[PDB]
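Chemist: Take this structure first; my questions come after.
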Amino acid sequence: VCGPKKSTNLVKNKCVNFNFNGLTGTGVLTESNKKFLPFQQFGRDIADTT
Amino acid sequence: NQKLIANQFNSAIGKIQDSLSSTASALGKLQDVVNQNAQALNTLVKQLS
């Protein structure tokens, strides 16, 4: 259940201000080899950051 | 006794190598410093959660 907000295109390997399903932060988005299981949407670090 | 002394010295050094190469605990005083600092930083980061 998400609000009336249009999406934008995604840009890789550049510093961007991102918003994924309401989750925000700043960082570089890159391709990964992290095998998320089908039920997993977000991953976390030791600091509980994304 | 110069020959004896030199031989005892040379043997003693070889023993140092055998000890250091096999006893990990030999360097515990330095390993402990590394561990305490690593623990301090890991604790600090975990507090962010």
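Letters for chains follow the order of the structure tokens (A, B, ...), residue numbers begin at 1 for each chain, and ligand numbers begin at 1 in the order shown.
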List every residue of chain A that has an atom at most 10 Å from any atom of chain B, and for each one report the closest atom pair and its distance in Å to one decimal, counting only C-alpha atoms, with rows sorted by chain and then by increasing residue number, as a Markdown table.

Modeler:
| residue | atom | partner | partner_atom | distance |
| --- | --- | --- | --- | --- |
| A:45 | CA | B:46 | CA | 9.6 |
| A:46 | CA | B:46 | CA | 6.2 |
| A:47 | CA | B:46 | CA | 5.3 |
| A:48 | CA | B:49 | CA | 5.2 |
| A:49 | CA | B:49 | CA | 8.1 |

Chemist: Excluding residue A:7 and any residue of its chain fewer than 5 positions from it, enumerate the residues within 12 Å of it, using only C-alpha atoms, and give them as a ChimeraX atom specification.

Modeler: /A:2,18-22

Chemist: With C-alpha atoms retained, write the just-selected residues as a PDB file, in the first residue's frame.

Modeler:
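File written: part-v6.pdb
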ATOM      1  CA  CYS A   2       1.992   3.033  -1.294  1.00  0.00           C
ATOM      2  CA  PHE A  18      17.325   7.501  -2.748  1.00  0.00           C
ATOM      3  CA  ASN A  19      13.845   6.553  -1.591  1.00  0.00           C
ATOM      4  CA  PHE A  20      12.825   2.895  -1.712  1.00  0.00           C
ATOM      5  CA  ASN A  21       9.262   2.330  -0.545  1.00  0.00           C
ATOM      6  CA  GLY A  22       9.539   5.258   1.879  1.00  0.00           C
TER       7      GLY A  22
END

Chemist: Counting only C-alpha atoms, what is within 10 Å of stretch 29-44 of chain A, bar same-chain residues fewer than 5 positions away, as a PyMOL selection string?

Modeler: chain A and resi 10-18+20+23+49-50

Chemist: Between atom CA of residue B:23 and atom CA of residue B:38, what distance in Å does the model show, to one decimal?

Modeler: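 Interatomic distance, atom CA of residue B:23 to atom CA of residue B:38: 22.5 Å.
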
Chemist: Could you check how far atom CA of residue A:9 sits from atom CA of residue A:28, in Å to one decimal?

Modeler: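 About the pair atom CA of residue A:9 and atom CA of residue A:28: they are 14.5 Å apart.
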
Chemist: Could you pull out the strand (DSSP E) residues of chain A, going by DSSP on the backbone, and write them as a VMD selection string?

Modeler: chain A and resid 15 to 20 23 to 28

Chemist: May I have the residues from that selection written out with C-alpha atoms, as an mmCIF file, in the first residue's frame?

Modeler:
data_model
loop_
_atom_site.group_PDB
_atom_site.id
_atom_site.type_symbol
_atom_site.label_atom_id
_atom_site.label_comp_id
_atom_site.auth_asym_id
_atom_site.auth_seq_id
_atom_site.Cartn_x
_atom_site.Cartn_y
_atom_site.Cartn_z
ATOM 1 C CA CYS A 15 26.009 9.322 -5.505
ATOM 2 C CA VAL A 16 22.204 9.745 -5.247
ATOM 3 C CA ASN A 17 19.503 10.597 -2.727
ATOM 4 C CA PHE A 18 17.325 7.501 -2.748
ATOM 5 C CA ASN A 19 13.845 6.553 -1.591
ATOM 6 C CA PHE A 20 12.825 2.895 -1.712
ATOM 7 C CA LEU A 23 13.041 4.273 3.080
ATOM 8 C CA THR A 24 15.469 7.068 2.463
ATOM 9 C CA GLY A 25 19.180 7.724 2.583
ATOM 10 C CA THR A 26 22.155 8.856 0.537
ATOM 11 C CA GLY A 27 24.631 6.584 -1.165
ATOM 12 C CA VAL A 28 25.882 4.921 -4.294
#

Chemist: Could you work out how far atom CA of residue B:20 lies from atom CA of residue B:2, giving the answer in Å with one decimal?

Modeler: 27.4 Å
